[PDB]
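One chain comes next, on its own, written out as structure tokens in the form solved without its partner chain.
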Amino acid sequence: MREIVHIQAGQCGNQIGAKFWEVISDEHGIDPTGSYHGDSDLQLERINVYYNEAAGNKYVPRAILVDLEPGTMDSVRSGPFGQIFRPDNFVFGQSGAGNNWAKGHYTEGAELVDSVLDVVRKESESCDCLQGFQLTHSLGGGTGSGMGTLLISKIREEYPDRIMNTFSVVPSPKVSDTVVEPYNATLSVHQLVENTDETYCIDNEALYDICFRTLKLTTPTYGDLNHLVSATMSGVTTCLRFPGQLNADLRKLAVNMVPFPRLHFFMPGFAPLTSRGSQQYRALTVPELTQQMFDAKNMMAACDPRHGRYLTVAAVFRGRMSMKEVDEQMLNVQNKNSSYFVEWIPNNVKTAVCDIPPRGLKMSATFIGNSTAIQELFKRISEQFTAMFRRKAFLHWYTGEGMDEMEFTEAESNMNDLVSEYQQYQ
């Protein structure tokens, strides 16, 4: 039916893609050998959205794995579900970006982008009608950031009428994993503002916070964070794969959530999330789902929505539920918290319901919010960038690869303009 092409860039992108593909194969009843082993025919009716039928009732994911070093490729290939991926879809270089944005975008990325674009073009020509592309990557690295930026720009040049989704993790407020994070983040945001239809911002600190307070996990692992992210990715696209009462695909969400093209940065969320012990002390109903959804503790981005106002909200429900309860509850939450909703957009909430719930759970929901509190994250990244750029620290590493200072100035100006717009519509 409607086809989605998946691309994974960098270490974090590859890991999250592997987790996402494991979750998806679990949903559709496919073992790591590519054969179908489910029971419900609903799992097979719309399997062409993510998988390709490759003779002998075997299914290969429609995914492209991209990196500049063979390490993560070998780790993903040798791990569980590493056999399903097509061998020709592994495009990897030998040098590596070394946490440098210019290397990923100008030096090595310019070398590998032709091959990755060839693979992407073949995959997109294979499908009868593609809905769009989705990419998982990071803004703090050098391979993921620059390479995903270049790939997004090239794809949008090739396919201007399709949807471009990105699930990118953003630098955290408290603790940084890289010294040169603000440079890469600022440049990546500069490019994503123009070349993307909708971006979902994920923060590692928020994921740790969720795993600690909500899931009660003593020793969380990157696997758990990837699990949560994959759950969100699966929840976003449920209406393209399963029947439901009120269906909303990617373009419906895009039309509903972004009023002005530059304001397309969202903070995702998922519900329900409970520990093992506390499972017995609640009943699965829509009210607890909306309570969990509309809560800063459950936000997957390190931004509190209560310092800003919601522009638009998407609530995608899965399971067998009553539409009357959902509509009444959305109306109630909108009325109770009218101060947190923009006044010149009535009915900030968009609703969609799918019949098939995730395996194991009777009911679930995914929350997408377009709030003005993202200006805080953008402001902090911009201020760190300005503080670093005042003294020209670490600048020669980027300048030696062909970058000019005008590029940094333009990226800073774009970040400032975006923050100004977000403040303006607040």
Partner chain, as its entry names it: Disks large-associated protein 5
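Positions refer to the first chain, counted from 1.
Only in words, not in the display: the form solved in complex with its partner chain, which the text now covers.
- By the criterion of a heavy atom within 4.5 Å, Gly235 is excluded from the residues contacting its partner chain in the deposited complex.
- Contact annotation for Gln329: at least one heavy atom lies within 4.5 Å of its partner chain in the deposited complex.
- The shortest heavy atom separation between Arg276 and its partner chain in the deposited complex exceeds 4.5 Å.
- Although the partner is absent here, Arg309 sits close enough that one of its heavy atoms falls within 4.5 Å of its partner chain in the deposited complex.
- Note on the partner interface in the deposited complex: the residue among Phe265, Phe294, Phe317, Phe133 having a heavy atom within 4.5 angstroms of its partner chain is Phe294.
- Along 337 to 369, a non-hydrogen atom within 4.5 Å of its partner chain in the deposited complex is carried by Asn337, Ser339, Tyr340, in order along the sequence.
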